[PDB]
Amino acid sequence: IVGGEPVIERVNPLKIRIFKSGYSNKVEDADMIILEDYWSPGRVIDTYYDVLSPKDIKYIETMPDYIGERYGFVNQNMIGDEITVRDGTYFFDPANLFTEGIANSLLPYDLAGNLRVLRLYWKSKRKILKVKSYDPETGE
Amino acid sequence: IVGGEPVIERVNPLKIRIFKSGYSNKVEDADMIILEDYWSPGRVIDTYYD
Amino acid sequence: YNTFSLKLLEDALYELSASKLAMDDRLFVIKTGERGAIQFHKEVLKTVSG
Amino acid sequence: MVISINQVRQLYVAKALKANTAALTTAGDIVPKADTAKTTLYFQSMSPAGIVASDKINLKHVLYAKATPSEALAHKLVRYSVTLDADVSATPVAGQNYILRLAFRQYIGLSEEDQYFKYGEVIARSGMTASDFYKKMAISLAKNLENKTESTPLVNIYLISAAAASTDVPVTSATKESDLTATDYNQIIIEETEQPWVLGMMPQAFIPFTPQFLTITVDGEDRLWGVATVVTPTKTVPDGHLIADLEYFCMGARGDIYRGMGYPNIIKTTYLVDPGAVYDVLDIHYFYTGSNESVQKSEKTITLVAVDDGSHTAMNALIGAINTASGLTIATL
Amino acid sequence: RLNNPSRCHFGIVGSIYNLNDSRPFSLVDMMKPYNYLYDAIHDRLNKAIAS
Amino acid sequence: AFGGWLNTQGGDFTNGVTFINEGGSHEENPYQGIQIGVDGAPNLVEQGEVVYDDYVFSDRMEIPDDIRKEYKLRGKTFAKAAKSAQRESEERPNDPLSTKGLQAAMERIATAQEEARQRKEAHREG
Amino acid sequence: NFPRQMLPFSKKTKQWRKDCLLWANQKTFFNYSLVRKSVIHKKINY
Amino acid sequence: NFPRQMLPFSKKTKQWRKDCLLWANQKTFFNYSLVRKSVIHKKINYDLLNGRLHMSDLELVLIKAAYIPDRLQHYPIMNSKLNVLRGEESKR
Amino acid sequence: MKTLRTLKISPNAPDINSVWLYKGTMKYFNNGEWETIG
Amino acid sequence: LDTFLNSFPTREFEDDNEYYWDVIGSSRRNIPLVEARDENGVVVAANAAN
Amino acid sequence: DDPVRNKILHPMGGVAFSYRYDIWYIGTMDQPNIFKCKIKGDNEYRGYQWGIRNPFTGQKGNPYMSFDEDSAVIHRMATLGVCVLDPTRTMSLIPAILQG
Amino acid sequence: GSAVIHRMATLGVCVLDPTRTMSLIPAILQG
């Protein structure tokens, strides 16, 4: 539900992190989905006109200018320290590592004028009560 | 709307600067759009006489 | 101090306020006596005459 | 205090030398042990509760072993010679307020933005010479910077007579005008002082300062009054407190990581270094590599402290016990 | 729009024919390497015809 | 307008409670209330009362200690107790368990207000 | 610099609206979209 | 450390909800999922369909300049295989 | 660099920031005292 | 120092290792004289006639 | 006015870098004079070099070990620059005690 | 690399009052 109406969007499979599922083919079975994207400032006011403090508008309104798939690269389980980059992609050990870095994450909080909107959906635990009550009229 | 009546033209994809789009494949999703063309002096008064 | 001059007081209170305070936070309300109010009067009378 | 380590550091106090594992009788002795095949070096030190050995240094995997005297671990207390600029005026002028600002830069924090500004001022009069000025300003600073109300010792200020020119006559807030009796004063020396020290809770640190002068009108143009040159230091703070705070840190690698946290329940580790004695320091920095594909090295270092009697007798005899036993050339200091 | 006071755009409406948030690979771009190879081999053909 | 509403995601979601603020007291407001409806016809309310299913929880009364340990109320007033029964249901207007948890809890404070109004009425006429 | 858009309707005067155009002047040289190719690449295609 | 989700609703406060978001920003970009592949592996498969050939994905590299005597021209013959199946789905 | 706007004829020193005129002297305040010209 | 560097705009570069920008002057110029000669090929000195 | 980075004091009170005058914007240029340069969109590194566990990301278990130590090493690398197209649109005025 | 499976675990056993445990050990298992 965005802007009062239901919307539907396809999610970029390079921009969705599906955590804590059980060899399930279904994405609905996951416990924790993080969606990163680069939204325009106009799209965040279309969606969050209703919850963004006047202080938070001045965060959008104090942005330097514009810039505009190299968001930024992470490498976990690095075997070594020797990284090679001057054109903008990171080159590694030949067989120990990836050997090259094609963007693996959306690290910078603003690219172009576009802001960065990280959405986290997660299943937490809620304590409830199960109550056994008898029907007044019959014994149910 | 020009001349009181609605029109529709095509935008030359070399003559438009689409700012602040959010990895959208659309053009209405832009926060700022600059149209730079060269107009005849008749077309600048067919549009802005008033 | 041995002898009160405002060159000592305006530089005790500018070096303190420049190092520790913001711009609009430099209001100093000085508590003194009756003989100190006239002593504060006589030094700035020597300053404003300058 | 808390120091940085290259992945570990462990300290052993070398109070006495025994050269054999059977003579380790009292607390704090050291024996640098090694076998005839020059491949393994370790130090068997008699702790206050039994014989404790060191990490076995593999002598093909040492990196550097250099021993430092105690005159290189003394922070020299800097001086500042406050004088009248004689190009401005040879004698003090009879009307202006002569005010000197001391700009302290690390007063209660660590950052240069925790500042402190202390002052002294003389109203100079007719016939007041320079020696009567320096007599009248060193009292005007000692009432401020060496008073009995102040939280911390800030500076130690002095006066120098031109006939003596080497010894200082110290001025305190209680010093009267008749105590300083000399007509040949020529400078005012402001010296850094030793701040307090607590074992482990408050490290040894110093509060720096710069004497800065206020403008006076000479002729019709407001000029600066003084000049402040850095005189070479004469007083040095000893090595007693930097090594007690180093041992108190490095006993926690071989021992309890908490030191006194929760006091019905602490383990009193007895400390052997005296904070009233000067110490020499020797560091053997080595590593570990296994005979496998795990060729990354794990750096380690061992600090040996020993008492200095002025001629470095205990440390040069300790180095000679390591060089003949292990076959390294640790340079005698 | 009826529920958003904030959903507005300009008269300009259009679309990019791309794949998964990329810059678009057009039909001309996917045939341009083959048209550059045609001109070089129709060059060697024309200099064999001439000589 | 943040009173008993979840104005998020472009829509206006409520949990049934009508937080009534910013009008004035019955003496201070010139229209002797806010006059939310024409049902009696002058249904008058003030800056403190809350409504759930046309039932007004009064802000001028207090909570008796007898009717606090019974019914397990948390607020010092019946309005400030119905402002504390919906604190779970404020962020979740469409939860089926929270709508059942609210309506079951709103009948208790509705019961406890009628018990305290009866005790105040019986004592003053005696 | 593009002037402040977080203003009331009264402070959006004639000189403010003239500032947005004079900012936009000479901005047609560059490229500003993450999902468009360059004008020097499409003029090769035409 | 993810904060404890076994709490009553009164202890899910303003700072607890903020601490869940500062965890997702900071820690997780993990991409360790059992049934789905890695983001650099999918991006190569997308880049092959925009006609970009990564030379580090068909050999060990021993370039980065956009010229053929040390790079390799790409010939997009996988696009027309896939554009039938996205064309049939549109006509179903 | 020190303006002196007024001139006062008086047998006693009028002010720091004026110029003292006696019969055949002109004394003005500089160097903490009164120096005469000529 | 951070809020100083936030008032400056941004520009995405296509990698590479260095950037050049081209600066331009004016097309109009005055040219100095070497020497003038009269009709018979000899130069005009300073102490000469018209 | 910063006394942490600017360490030379001036004889007229306060630090000597604060006595420096600089006119950063002179007239209208029709472009940014001073802007921040940045490669392919901000590009940054967030490497990780960890053994049997990772305290940084909170992970026990490593199927592909970096080393065998009980550690975690973070590496971060970024490339960045600033540009002044017209330095004649900027005029400086510096105290000479800062030595050129 | 070498293919090494590493495993690690922490533990500890607390005996609160060792006065409530009695043992008779044969003399050949001492010293």
# chains A, B, ... in the order shown; residues from 1 in each chain; ligands from 1

call {"tool": "residues_around", "arguments": {"residues": "region 1-13 of chain B", "least_positions_apart": "2", "cutoff": "9 Å", "atoms": "only C-alpha atoms", "output": "ChimeraX atom specification"}}
result
/B:15-17,35,37,46-48 /E:12,14 /G:39,42

call {"tool": "write_last_selection", "arguments": {"atoms": "N, CA, C and O atoms", "output": "CSV table (one decimal), in the first residue's frame"}}
result
chain,number,residue,atom,x,y,z
B,15,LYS,N,17.3,15.8,-26.8
B,15,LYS,CA,17.0,17.2,-26.4
B,15,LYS,C,16.3,17.2,-25.0
B,15,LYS,O,15.6,18.2,-24.7
B,16,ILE,N,16.4,16.2,-24.2
B,16,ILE,CA,15.8,16.2,-22.9
B,16,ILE,C,16.9,15.7,-21.9
B,16,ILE,O,17.7,14.8,-22.2
B,17,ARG,N,16.9,16.4,-20.7
B,17,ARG,CA,17.7,16.0,-19.6
B,17,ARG,C,16.9,15.6,-18.4
B,17,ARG,O,16.3,16.4,-17.8
B,35,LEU,N,13.9,20.6,-21.1
B,35,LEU,CA,13.7,20.5,-22.6
B,35,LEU,C,14.3,21.6,-23.3
B,35,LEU,O,13.9,22.8,-23.0
B,37,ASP,N,15.2,23.0,-27.0
B,37,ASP,CA,15.1,22.9,-28.4
B,37,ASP,C,15.3,24.3,-29.0
B,37,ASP,O,15.5,25.3,-28.2
B,46,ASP,N,3.2,31.7,-31.2
B,46,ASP,CA,2.0,30.8,-31.2
B,46,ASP,C,1.8,30.2,-29.8
B,46,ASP,O,0.6,29.9,-29.5
B,47,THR,N,2.8,30.1,-29.0
B,47,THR,CA,2.8,29.5,-27.6
B,47,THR,C,2.7,30.6,-26.5
B,47,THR,O,1.9,30.4,-25.6
B,48,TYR,N,3.4,31.7,-26.6
B,48,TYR,CA,3.5,32.7,-25.6
B,48,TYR,C,3.1,34.1,-26.1
B,48,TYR,O,3.7,35.1,-25.8
E,12,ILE,N,5.4,15.3,-19.5
E,12,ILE,CA,6.3,14.4,-20.2
E,12,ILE,C,6.1,13.0,-19.7
E,12,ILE,O,6.3,12.8,-18.5
E,14,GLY,N,7.0,8.8,-20.7
E,14,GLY,CA,7.8,8.0,-21.6
E,14,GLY,C,8.3,6.8,-20.9
E,14,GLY,O,8.1,6.6,-19.7
G,39,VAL,N,24.3,11.3,-24.9
G,39,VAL,CA,23.9,11.9,-26.1
G,39,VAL,C,24.9,11.8,-27.3
G,39,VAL,O,24.6,11.7,-28.4
G,42,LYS,N,23.9,8.1,-28.6
G,42,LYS,CA,22.7,8.0,-29.4
G,42,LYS,C,22.8,8.8,-30.7
G,42,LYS,O,22.1,8.4,-31.7

call {"tool": "interface_residues", "arguments": {"of": "chain D", "to": "chain C", "cutoff": "9 Å", "atoms": "only C-alpha atoms", "output": "tab-separated table (two decimals) with C-alpha atoms, in the first residue's frame"}}
result
chain	number	residue	atom	x	y	z
D	97	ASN	CA	48.77	47.77	31.32
D	99	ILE	CA	49.28	41.80	30.58
D	101	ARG	CA	48.30	35.51	28.64
D	113	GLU	CA	40.08	22.28	22.43
D	114	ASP	CA	39.97	21.80	26.22
D	115	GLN	CA	41.88	25.01	26.83
D	116	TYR	CA	42.71	27.18	29.82
D	117	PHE	CA	43.83	30.81	29.89
D	118	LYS	CA	45.69	32.27	32.86
D	119	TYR	CA	47.05	35.76	33.19
D	120	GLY	CA	49.35	38.13	35.00
D	121	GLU	CA	49.38	41.89	34.80
D	122	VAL	CA	51.59	44.83	35.79
D	123	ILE	CA	50.65	48.49	35.57
D	140	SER	CA	51.64	38.66	39.57
D	143	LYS	CA	49.43	34.57	42.67
D	144	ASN	CA	47.66	33.03	39.64
D	214	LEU	CA	48.80	41.67	24.88
D	215	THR	CA	49.13	44.86	22.88

call {"tool": "residues_around", "arguments": {"residues": "region 69-86 of chain K", "least_positions_apart": "4", "cutoff": "9 Å", "atoms": "only C-alpha atoms", "output": "VMD selection string"}}
result
(chain A and resid 81 86 88) or (chain J and resid 21 23) or (chain K and resid 29 32 to 39 42 to 56 90)

call {"tool": "select_by_dssp", "arguments": {"residues": "chain I", "states": "strand (DSSP E or B)", "output": "list in words"}}
result
residues 7, 8, 9, 19, 20, 21, 26, 27, 28, 29, 30, 33, 34, 35 and 36 of chain I

call {"tool": "write_last_selection", "arguments": {"atoms": "C-alpha atoms", "output": "PDB file, in the first residue's frame"}}
result
ATOM      1  CA  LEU I   7      42.660  71.586  21.905  1.00  0.00           C
ATOM      2  CA  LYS I   8      42.244  72.982  25.421  1.00  0.00           C
ATOM      3  CA  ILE I   9      43.889  76.039  26.971  1.00  0.00           C
ATOM      4  CA  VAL I  19      46.134  68.480  23.660  1.00  0.00           C
ATOM      5  CA  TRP I  20      47.260  70.585  26.623  1.00  0.00           C
ATOM      6  CA  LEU I  21      48.236  74.180  25.791  1.00  0.00           C
ATOM      7  CA  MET I  26      52.118  72.388  23.435  1.00  0.00           C
ATOM      8  CA  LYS I  27      52.080  69.206  25.505  1.00  0.00           C
ATOM      9  CA  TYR I  28      50.292  66.079  24.299  1.00  0.00           C
ATOM     10  CA  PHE I  29      49.962  62.688  25.963  1.00  0.00           C
ATOM     11  CA  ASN I  30      52.423  60.117  24.631  1.00  0.00           C
ATOM     12  CA  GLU I  33      53.805  61.539  30.007  1.00  0.00           C
ATOM     13  CA  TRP I  34      53.473  64.993  28.458  1.00  0.00           C
ATOM     14  CA  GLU I  35      56.028  65.729  25.734  1.00  0.00           C
ATOM     15  CA  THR I  36      56.237  69.226  24.264  1.00  0.00           C
TER      16      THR I  36
END

call {"tool": "select_by_dssp", "arguments": {"residues": "chain G", "states": "helix (DSSP H, G or I)", "output": "PyMOL selection string"}}
result
chain G and resi 14-24+39-45

call {"tool": "write_last_selection", "arguments": {"atoms": "N, CA, C and O atoms", "output": "PDB file, in the first residue's frame"}}
result
ATOM      1  N   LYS G  14       9.526  36.619  -7.750  1.00  0.00           N
ATOM      2  CA  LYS G  14       9.949  36.625  -9.146  1.00  0.00           C
ATOM      3  C   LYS G  14      11.444  36.361  -9.275  1.00  0.00           C
ATOM      4  O   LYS G  14      11.877  35.657 -10.194  1.00  0.00           O
ATOM      5  N   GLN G  15      12.247  36.901  -8.360  1.00  0.00           N
ATOM      6  CA  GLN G  15      13.682  36.665  -8.432  1.00  0.00           C
ATOM      7  C   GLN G  15      14.033  35.243  -8.025  1.00  0.00           C
ATOM      8  O   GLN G  15      15.051  34.706  -8.473  1.00  0.00           O
ATOM      9  N   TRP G  16      13.196  34.608  -7.205  1.00  0.00           N
ATOM     10  CA  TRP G  16      13.407  33.204  -6.864  1.00  0.00           C
ATOM     11  C   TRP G  16      13.147  32.305  -8.062  1.00  0.00           C
ATOM     12  O   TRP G  16      13.925  31.388  -8.343  1.00  0.00           O
ATOM     13  N   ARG G  17      12.052  32.556  -8.782  1.00  0.00           N
ATOM     14  CA  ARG G  17      11.736  31.763  -9.962  1.00  0.00           C
ATOM     15  C   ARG G  17      12.709  32.028 -11.101  1.00  0.00           C
ATOM     16  O   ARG G  17      12.948  31.140 -11.924  1.00  0.00           O
ATOM     17  N   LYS G  18      13.277  33.231 -11.169  1.00  0.00           N
ATOM     18  CA  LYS G  18      14.327  33.494 -12.143  1.00  0.00           C
ATOM     19  C   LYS G  18      15.633  32.805 -11.780  1.00  0.00           C
ATOM     20  O   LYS G  18      16.467  32.590 -12.662  1.00  0.00           O
ATOM     21  N   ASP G  19      15.835  32.474 -10.501  1.00  0.00           N
ATOM     22  CA  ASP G  19      17.060  31.796 -10.092  1.00  0.00           C
ATOM     23  C   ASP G  19      17.057  30.335 -10.499  1.00  0.00           C
ATOM     24  O   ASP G  19      18.125  29.757 -10.724  1.00  0.00           O
ATOM     25  N   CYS G  20      15.881  29.712 -10.566  1.00  0.00           N
ATOM     26  CA  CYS G  20      15.822  28.312 -10.964  1.00  0.00           C
ATOM     27  C   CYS G  20      16.111  28.145 -12.447  1.00  0.00           C
ATOM     28  O   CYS G  20      16.689  27.135 -12.850  1.00  0.00           O
ATOM     29  N   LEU G  21      15.748  29.129 -13.268  1.00  0.00           N
ATOM     30  CA  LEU G  21      16.057  29.041 -14.688  1.00  0.00           C
ATOM     31  C   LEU G  21      17.526  29.316 -14.956  1.00  0.00           C
ATOM     32  O   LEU G  21      18.142  28.652 -15.794  1.00  0.00           O
ATOM     33  N   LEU G  22      18.102  30.296 -14.268  1.00  0.00           N
ATOM     34  CA  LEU G  22      19.506  30.601 -14.472  1.00  0.00           C
ATOM     35  C   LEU G  22      20.409  29.529 -13.890  1.00  0.00           C
ATOM     36  O   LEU G  22      21.564  29.417 -14.310  1.00  0.00           O
ATOM     37  N   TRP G  23      19.919  28.745 -12.931  1.00  0.00           N
ATOM     38  CA  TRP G  23      20.601  27.510 -12.577  1.00  0.00           C
ATOM     39  C   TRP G  23      20.520  26.514 -13.724  1.00  0.00           C
ATOM     40  O   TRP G  23      21.523  25.893 -14.093  1.00  0.00           O
ATOM     41  N   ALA G  24      19.326  26.357 -14.304  1.00  0.00           N
ATOM     42  CA  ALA G  24      19.090  25.347 -15.330  1.00  0.00           C
ATOM     43  C   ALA G  24      19.773  25.685 -16.639  1.00  0.00           C
ATOM     44  O   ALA G  24      19.982  24.795 -17.469  1.00  0.00           O
ATOM     45  N   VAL G  39      24.326  11.282 -24.911  1.00  0.00           N
ATOM     46  CA  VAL G  39      23.876  11.915 -26.145  1.00  0.00           C
ATOM     47  C   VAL G  39      24.909  11.752 -27.257  1.00  0.00           C
ATOM     48  O   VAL G  39      24.560  11.739 -28.443  1.00  0.00           O
ATOM     49  N   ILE G  40      26.183  11.558 -26.903  1.00  0.00           N
ATOM     50  CA  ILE G  40      27.207  11.266 -27.901  1.00  0.00           C
ATOM     51  C   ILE G  40      27.159   9.806 -28.327  1.00  0.00           C
ATOM     52  O   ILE G  40      27.782   9.434 -29.328  1.00  0.00           O
ATOM     53  N   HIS G  41      26.383   8.972 -27.640  1.00  0.00           N
ATOM     54  CA  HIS G  41      26.212   7.583 -28.041  1.00  0.00           C
ATOM     55  C   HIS G  41      24.942   7.346 -28.832  1.00  0.00           C
ATOM     56  O   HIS G  41      24.922   6.461 -29.686  1.00  0.00           O
ATOM     57  N   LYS G  42      23.894   8.129 -28.596  1.00  0.00           N
ATOM     58  CA  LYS G  42      22.683   8.020 -29.392  1.00  0.00           C
ATOM     59  C   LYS G  42      22.776   8.787 -30.700  1.00  0.00           C
ATOM     60  O   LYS G  42      22.112   8.408 -31.667  1.00  0.00           O
ATOM     61  N   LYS G  43      23.591   9.840 -30.768  1.00  0.00           N
ATOM     62  CA  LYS G  43      23.783  10.517 -32.041  1.00  0.00           C
ATOM     63  C   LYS G  43      24.619   9.684 -33.005  1.00  0.00           C
ATOM     64  O   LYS G  43      24.547   9.893 -34.218  1.00  0.00           O
ATOM     65  N   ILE G  44      25.404   8.737 -32.497  1.00  0.00           N
ATOM     66  CA  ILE G  44      26.058   7.772 -33.368  1.00  0.00           C
ATOM     67  C   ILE G  44      25.030   6.797 -33.933  1.00  0.00           C
ATOM     68  O   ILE G  44      25.127   6.379 -35.093  1.00  0.00           O
ATOM     69  N   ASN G  45      24.003   6.468 -33.149  1.00  0.00           N
ATOM     70  CA  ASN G  45      22.997   5.497 -33.560  1.00  0.00           C
ATOM     71  C   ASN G  45      22.038   6.067 -34.593  1.00  0.00           C
ATOM     72  O   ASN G  45      21.564   5.336 -35.466  1.00  0.00           O
TER      73      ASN G  45
END

call {"tool": "residues_around", "arguments": {"residues": "residue 73 (chain F)", "least_positions_apart": "5", "cutoff": "12 Å", "atoms": "only C-alpha atoms", "output": "ChimeraX atom specification"}}
result
/F:62-68,78-85,105-106,108-113

call {"tool": "write_last_selection", "arguments": {"atoms": "N, CA and C atoms", "output": "PDB file, in the first residue's frame"}}
result
ATOM      1  N   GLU F  62     -12.518  10.305  38.506  1.00  0.00           N
ATOM      2  CA  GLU F  62     -11.286   9.659  38.932  1.00  0.00           C
ATOM      3  C   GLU F  62     -11.548   8.167  39.072  1.00  0.00           C
ATOM      4  N   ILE F  63     -10.496   7.424  39.395  1.00  0.00           N
ATOM      5  CA  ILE F  63     -10.557   5.971  39.525  1.00  0.00           C
ATOM      6  C   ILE F  63     -10.599   5.632  41.011  1.00  0.00           C
ATOM      7  N   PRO F  64     -11.636   4.955  41.496  1.00  0.00           N
ATOM      8  CA  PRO F  64     -11.615   4.473  42.880  1.00  0.00           C
ATOM      9  C   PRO F  64     -10.643   3.316  43.043  1.00  0.00           C
ATOM     10  N   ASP F  65     -10.077   3.210  44.249  1.00  0.00           N
ATOM     11  CA  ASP F  65      -9.126   2.141  44.539  1.00  0.00           C
ATOM     12  C   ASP F  65      -9.814   0.779  44.562  1.00  0.00           C
ATOM     13  N   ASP F  66     -11.113   0.747  44.873  1.00  0.00           N
ATOM     14  CA  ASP F  66     -11.866  -0.502  44.795  1.00  0.00           C
ATOM     15  C   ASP F  66     -12.005  -0.973  43.353  1.00  0.00           C
ATOM     16  N   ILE F  67     -12.195  -0.040  42.420  1.00  0.00           N
ATOM     17  CA  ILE F  67     -12.416  -0.375  41.020  1.00  0.00           C
ATOM     18  C   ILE F  67     -11.118  -0.273  40.217  1.00  0.00           C
ATOM     19  N   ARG F  68      -9.976  -0.215  40.896  1.00  0.00           N
ATOM     20  CA  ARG F  68      -8.673  -0.265  40.245  1.00  0.00           C
ATOM     21  C   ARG F  68      -8.022  -1.636  40.374  1.00  0.00           C
ATOM     22  N   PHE F  78     -10.832   7.442  33.907  1.00  0.00           N
ATOM     23  CA  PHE F  78     -11.405   6.469  32.983  1.00  0.00           C
ATOM     24  C   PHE F  78     -11.046   6.781  31.536  1.00  0.00           C
ATOM     25  N   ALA F  79     -10.925   8.063  31.194  1.00  0.00           N
ATOM     26  CA  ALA F  79     -10.440   8.423  29.867  1.00  0.00           C
ATOM     27  C   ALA F  79      -8.965   8.085  29.716  1.00  0.00           C
ATOM     28  N   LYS F  80      -8.163   8.370  30.742  1.00  0.00           N
ATOM     29  CA  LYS F  80      -6.747   8.031  30.707  1.00  0.00           C
ATOM     30  C   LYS F  80      -6.488   6.553  30.965  1.00  0.00           C
ATOM     31  N   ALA F  81      -7.517   5.772  31.300  1.00  0.00           N
ATOM     32  CA  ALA F  81      -7.404   4.320  31.288  1.00  0.00           C
ATOM     33  C   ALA F  81      -7.785   3.728  29.943  1.00  0.00           C
ATOM     34  N   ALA F  82      -8.743   4.334  29.240  1.00  0.00           N
ATOM     35  CA  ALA F  82      -9.023   3.934  27.869  1.00  0.00           C
ATOM     36  C   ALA F  82      -8.003   4.491  26.888  1.00  0.00           C
ATOM     37  N   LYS F  83      -7.218   5.490  27.292  1.00  0.00           N
ATOM     38  CA  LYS F  83      -6.041   5.872  26.524  1.00  0.00           C
ATOM     39  C   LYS F  83      -4.867   4.937  26.763  1.00  0.00           C
ATOM     40  N   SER F  84      -4.959   4.053  27.756  1.00  0.00           N
ATOM     41  CA  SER F  84      -3.924   3.070  28.021  1.00  0.00           C
ATOM     42  C   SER F  84      -4.336   1.657  27.647  1.00  0.00           C
ATOM     43  N   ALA F  85      -5.617   1.424  27.363  1.00  0.00           N
ATOM     44  CA  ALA F  85      -6.052   0.127  26.869  1.00  0.00           C
ATOM     45  C   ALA F  85      -5.824  -0.026  25.374  1.00  0.00           C
ATOM     46  N   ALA F 105     -11.332  -5.445  26.025  1.00  0.00           N
ATOM     47  CA  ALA F 105     -10.842  -4.542  27.059  1.00  0.00           C
ATOM     48  C   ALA F 105     -11.677  -3.274  27.158  1.00  0.00           C
ATOM     49  N   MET F 106     -12.321  -2.858  26.068  1.00  0.00           N
ATOM     50  CA  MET F 106     -13.145  -1.658  26.125  1.00  0.00           C
ATOM     51  C   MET F 106     -14.468  -1.893  26.835  1.00  0.00           C
ATOM     52  N   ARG F 108     -14.619  -3.688  29.595  1.00  0.00           N
ATOM     53  CA  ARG F 108     -14.286  -3.663  31.015  1.00  0.00           C
ATOM     54  C   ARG F 108     -14.314  -2.243  31.556  1.00  0.00           C
ATOM     55  N   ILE F 109     -13.679  -1.310  30.844  1.00  0.00           N
ATOM     56  CA  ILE F 109     -13.684   0.086  31.265  1.00  0.00           C
ATOM     57  C   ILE F 109     -15.081   0.680  31.096  1.00  0.00           C
ATOM     58  N   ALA F 110     -15.858   0.166  30.140  1.00  0.00           N
ATOM     59  CA  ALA F 110     -17.268   0.530  30.058  1.00  0.00           C
ATOM     60  C   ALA F 110     -18.048  -0.010  31.248  1.00  0.00           C
ATOM     61  N   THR F 111     -17.714  -1.215  31.709  1.00  0.00           N
ATOM     62  CA  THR F 111     -18.356  -1.747  32.906  1.00  0.00           C
ATOM     63  C   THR F 111     -17.904  -0.989  34.149  1.00  0.00           C
ATOM     64  N   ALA F 112     -16.600  -0.717  34.254  1.00  0.00           N
ATOM     65  CA  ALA F 112     -16.056  -0.077  35.447  1.00  0.00           C
ATOM     66  C   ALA F 112     -16.487   1.378  35.566  1.00  0.00           C
ATOM     67  N   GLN F 113     -16.768   2.045  34.445  1.00  0.00           N
ATOM     68  CA  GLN F 113     -17.284   3.406  34.533  1.00  0.00           C
ATOM     69  C   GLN F 113     -18.717   3.420  35.043  1.00  0.00           C
TER      70      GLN F 113
END

call {"tool": "atom_distance", "arguments": {"atom1": "CA of residue 130 (chain A)", "atom2": "CA of residue 10 (chain H)"}}
result
20.2 Å

call {"tool": "atom_distance", "arguments": {"atom1": "CA of residue 314 (chain D)", "atom2": "CA of residue 14 (chain D)"}}
result
8.3 Å

call {"tool": "residues_around", "arguments": {"residues": "residue 1 (chain I)", "least_positions_apart": "2", "cutoff": "9 Å", "atoms": "only C-alpha atoms", "output": "list in words"}}
result
residues 220, 221 and 222 of chain D; 3 of chain I

call {"tool": "residues_around", "arguments": {"residues": "region 39-51 of chain D", "least_positions_apart": "3", "cutoff": "12 Å", "atoms": "only C-alpha atoms", "output": "PyMOL selection string"}}
result
chain D and resi 10-36+54-62+251+254-255+268-272+284+286+302-304+318+321-328

call {"tool": "closest_residue", "arguments": {"among": "K:11, K:87, K:27, K:63", "to": "chain J", "atoms": "only C-alpha atoms"}}
result
K:87

call {"tool": "residues_around", "arguments": {"residues": "residue 35 (chain G)", "least_positions_apart": "5", "cutoff": "10 Å", "atoms": "only C-alpha atoms", "output": "list in words"}}
result
residues 68 and 69 of chain A; 18, 21, 22, 23, 24, 25 and 26 of chain B; 16, 17, 18, 19, 20, 21, 22, 23 and 24 of chain E

call {"tool": "interface_residues", "arguments": {"of": "chain E", "to": "chain F", "cutoff": "10 Å", "atoms": "only C-alpha atoms", "output": "list in words"}}
result
residues 3, 4, 5 and 6 of chain E

call {"tool": "atom_distance", "arguments": {"atom1": "CA of residue 24 (chain I)", "atom2": "CA of residue 2 (chain I)"}}
result
23.7 Å

call {"tool": "interface_residues", "arguments": {"of": "chain H", "to": "chain F", "cutoff": "12 Å", "atoms": "only C-alpha atoms", "output": "mmCIF file with N, CA and C atoms, in the first residue's frame"}}
result
data_model
loop_
_atom_site.group_PDB
_atom_site.id
_atom_site.type_symbol
_atom_site.label_atom_id
_atom_site.label_comp_id
_atom_site.auth_asym_id
_atom_site.auth_seq_id
_atom_site.Cartn_x
_atom_site.Cartn_y
_atom_site.Cartn_z
ATOM 1 N N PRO H 8 7.741 -7.994 25.653
ATOM 2 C CA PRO H 8 6.408 -7.394 25.585
ATOM 3 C C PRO H 8 6.428 -6.152 24.710
ATOM 4 N N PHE H 9 5.236 -5.759 24.250
ATOM 5 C CA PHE H 9 5.126 -4.667 23.290
ATOM 6 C C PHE H 9 5.495 -3.316 23.885
ATOM 7 N N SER H 10 5.465 -3.175 25.211
ATOM 8 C CA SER H 10 5.889 -1.917 25.810
ATOM 9 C C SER H 10 7.404 -1.762 25.765
ATOM 10 N N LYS H 11 8.144 -2.871 25.710
ATOM 11 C CA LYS H 11 9.595 -2.829 25.592
ATOM 12 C C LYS H 11 10.076 -2.885 24.148
ATOM 13 N N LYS H 12 9.178 -2.717 23.180
ATOM 14 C CA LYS H 12 9.553 -2.489 21.788
ATOM 15 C C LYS H 12 9.386 -0.995 21.529
ATOM 16 N N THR H 13 10.386 -0.236 21.951
ATOM 17 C CA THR H 13 10.309 1.209 22.070
ATOM 18 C C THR H 13 10.851 1.890 20.821
#
